């Protein structure tokens, strides 16, 4: 609801914030759109995060995370197509690998991790145990 802007501040009992957000050198590069959830009949509960992986083309490649009381769900968007992804350390490392490698003196490496993540994207399958 109310959407703050900076994490370099108050603490949060959310993993996306401790595991990924807080370790991004330049959080602003990525247009962090971050609403906080509560005031709806409830009162201070979840966090709703959106990062642009390609801030040159809004919404071309985005990362969203919805965190609540108990659960968290993760999503990736590439070219209009959304896919949920398991929130884990594998995804986190891939996320920071991309987020923390921007550096104009090494575009090649950064773009390398970006293309690696799209690869991951097309890989996601949603499965159950039968």
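Numbering follows the first chain given and starts at 1.
Enquirer: Given the B-factors recorded for C-alpha atoms, which segment has the greater mean, 66-74 or 81-89?
Expert: Averaged over C-alpha atoms, the B-factors run higher in 66-74.
Enquirer: Check the entry's C-alpha temperature factors for 97-105 and 44-52, then say which stretch has the higher mean.
Expert: 44-52 has the higher mean C-alpha B-factor.
Enquirer: Based on the entry's values, in what third of the chain does the Cα temperature factor of residue 2 lie: lowest, middle or highest?
Expert: For residue 2, whose C-alpha B-factor we compare with every modelled residue in the chain, the answer is the highest third.
Enquirer: What third of its chain, lowest, middle or highest, does the C-alpha temperature factor of residue 16 fall into?
Expert: Highest third - that is where residue 16 ends up once the chain's C-alpha B-factors are sorted.
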